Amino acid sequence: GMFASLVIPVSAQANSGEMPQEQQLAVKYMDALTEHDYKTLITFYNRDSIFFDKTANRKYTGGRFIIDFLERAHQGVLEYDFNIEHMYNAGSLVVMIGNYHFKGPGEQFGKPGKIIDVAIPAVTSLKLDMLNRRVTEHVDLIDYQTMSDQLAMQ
């Protein structure tokens, strides 16, 4: 057969009638994160929320500390995409397998004065508190070596 691939924002799939509510909430969170919408993002945290990049072995506890870390880390970074291959959930634990695509100024990537383009494999999980519309734990497993391999050519 002849097939094409259509790139669709997950927000346009969220209301199909088939996506679990836990996944729908994860989409809202990830759209805020990847757009650097910190006003929205901080609504998903409280003083007990955890952001853990397990690959980097960096665990931040508390929404104010998480937001400051994110804002600083992304100085100069343009909106980025999370291109998912698969998302599933077990109750309030949502698991997303995909690639994070960054294109733009390369200062944060060790490439000052250049434009970079990288696609970084990752698994991200969110444990959600559905009553309070909160992320209690965000765990990232980022393939930094693949990112480094791509940057070596830029």
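Don't overthink the numbering: it's just position in the shown sequence, from 1.
For the pair 112 to 120 and 95 to 103, the mean Cα B-factor is higher in 112 to 120.
Across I142, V10, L131, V135, the greatest Cα temperature factor reported in the deposited entry is at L131. If you compare the C-alpha temperature factors of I42, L70, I50, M30 in the entry, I42 comes out highest. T146: CA B factor in the middle third of modelled residues in this chain (values from the PDB entry). Sort the modelled residues of the chain by CA B factor and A56 lands in the highest third.
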